[PDB]
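As structure tokens, the structure follows; a few thoughts come after it.
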Amino acid sequence: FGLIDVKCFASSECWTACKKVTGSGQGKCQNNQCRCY
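Residue numbering for the sequence shown is 1 to 37, as defined by PDB author numbering.
Now the structure itself:
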């Protein structure tokens, strides 16, 4: 679904990230990248 490359500080950031772009705040960080569903 959502896959991005911006530095995760935590999965919970990916939420605000995915939300900033779209709103689809349901996500998880990988390593230092991040993904929404």
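For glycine and all other residues, C-beta sits at the position ideal for the given N, C-alpha and C.
Backbone secondary structure at residue i - three-state DSSP
i, result
"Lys7", "coil"
"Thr22", "coil"
Buried/exposed call for residue i, threshold 16 Cβ in 10 Å
i, result
"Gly27", "buried"
Backbone CA spacing between residue i and residue j [nearest angstrom]
i, j, result
"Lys19", "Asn31", "20 Å"
"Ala17", "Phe1", "14 Å"
N- and C-terminal bounds of the beta strand (DSSP E) containing residue i
i, result
"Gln33", "33–36"
"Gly27", "27–30"
Supposed contact pair residue j and residue i - C-beta distance, whole angstroms, cut 8 Å
i, j, result
"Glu13", "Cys36", "Not quite, the Cβ-Cβ distance comes to about 12 Å (not below 8 Å), so this is no contact."
"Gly25", "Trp15", "4 Å"
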